[PDB]
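Consider the single chain below, provided in structure tokens and representing the form deposited in one PDB entry.
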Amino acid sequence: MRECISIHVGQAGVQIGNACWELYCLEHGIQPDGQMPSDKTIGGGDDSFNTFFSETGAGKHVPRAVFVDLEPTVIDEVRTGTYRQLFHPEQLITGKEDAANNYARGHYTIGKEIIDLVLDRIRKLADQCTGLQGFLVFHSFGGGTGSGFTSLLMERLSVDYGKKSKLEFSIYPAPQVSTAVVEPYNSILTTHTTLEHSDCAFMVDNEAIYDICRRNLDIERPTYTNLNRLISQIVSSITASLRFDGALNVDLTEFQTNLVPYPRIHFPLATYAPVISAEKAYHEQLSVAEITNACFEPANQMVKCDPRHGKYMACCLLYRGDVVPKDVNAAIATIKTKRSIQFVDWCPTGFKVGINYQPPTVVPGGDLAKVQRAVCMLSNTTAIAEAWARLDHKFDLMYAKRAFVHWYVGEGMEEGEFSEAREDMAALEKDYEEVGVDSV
């Protein structure tokens, strides 16, 4: 009941989908052939994991998920990978020619050839829900499919499903791993086009993830596999509220009401702790207080920005594993003092806490150490505007010379759609300015 459909778009979205569903399986006891020996209700049931898994009469548990990409090479790996038997083929959709790092091709030239078929498949999934709650959309900002096609899909989803909620798990471009020069263009274009169709977006700064893997996990040269295993941990922490139950477990929709004070201000900042290697985990156990304090270290944040230079409007702590409320309360008390948590004057200065009791999991051969307790902190801080400023500035540098703009205009786009997208970005930056100002 209250099912969520997940949609993974483009390379980054698809490969992160891989990591997530492999982890979901190891967390629920689902095998690579979809069999769940612990599940005693064959063919259905209203268990918490059924929000993400459907059930066949043969006892197979199938992810409520659609993978889509304008080319097959990445999805072909899912089709022949360890979990190839988890998905029906109709859930894996591929074209023959990708967007070429071009928003215009993802949204129009190529995307328009496959949009109807993608929506038809989503409909099939939706019809199997007794109470569809909304969609989780995984995509990159910089790719042609991740930006162009996602925007097109976002717009179509609003038409077919009205105000049903759509959440984004987005990848923010970083130079160490960027694959296209024009990724700032695609980033601004998709951000402007999805703002009014998305209720909440969790941005993952590829540079933040890269530097954490380097400092905290001792990985000389992180690859997508390293980044994706750590991202799925953040995603697992956020969605666990909907896939597990517990006396102290709080629904994400409850945090959603605390995290979004105005429609456009729907970009929460995520922190995760502990990110530790086995060589270091062995030795020191990490208390609730220790991992909680780590959530206020700028170096542990999914997006690069300095939250002490901004103001908080919401702080949610999603604990998981060996954690009792008494410890959480003690930790916050001390944090409240030794730290500079500055809240806006128009909202209460409190910490919303949820405690799942299912401990965290690690994929075999991963780089994270197995720990007894973990925490993901979701907070709405004006500091995240820094990520907007940096991305906006790279855009300005190129657009001033109209560099590369002919690849978009040649596909059908107009220069007006660039200034429009940028004007929006400009308003968004002012919007974050204003929410932080004190009252009269």
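Only residues modelled in both forms are compared. The numbering used is simple: start at 1 and walk along the sequence shown. Heads up, when I say rigid core I mean the largest set of C-alphas that superpose within 1.5 Å between the two forms.
Omitted from view is the form deposited in another entry, to which the following refers.
*Asks:* Which listed residue, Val177, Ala180, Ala201, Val250, is the one whose CA shifts 2 angstroms or more between the shown form and the other one with the rigid core aligned?
*Replies:* C-alpha shift of at least 2 Å: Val250.
*Asks:* Align on the rigid core first; then say whether the Cα of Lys280 has moved by at least 2 Å between the shown form and the other one.
*Replies:* For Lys280, whose C-alpha is compared between the shown form and the other one after core superposition, the shift is 2 Å or more.
*Asks:* With a change of at least 3 Å, which way does the C-alpha separation between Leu248 and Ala314 go in the other entry: closer or farther?
*Replies:* Compared with the form shown here, the C-alpha atoms of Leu248 and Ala314 sit closer together in the other entry, by 3 Å or more.
*Asks:* Are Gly131 and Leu248 closer or farther apart at the Cα level in the other entry than shown, by 3 Å or more?
*Replies:* Residues converge in the other entry, at least 3 Å closer.
*Asks:* Fit on the rigid core and then flag the segments of at least 3 consecutive residues whose Cα positions all differ by 2 Å or more between the shown form and the other one.
*Replies:* Flagged stretches (3+ res, CA at least 2 Å): 246-256, 278-281.
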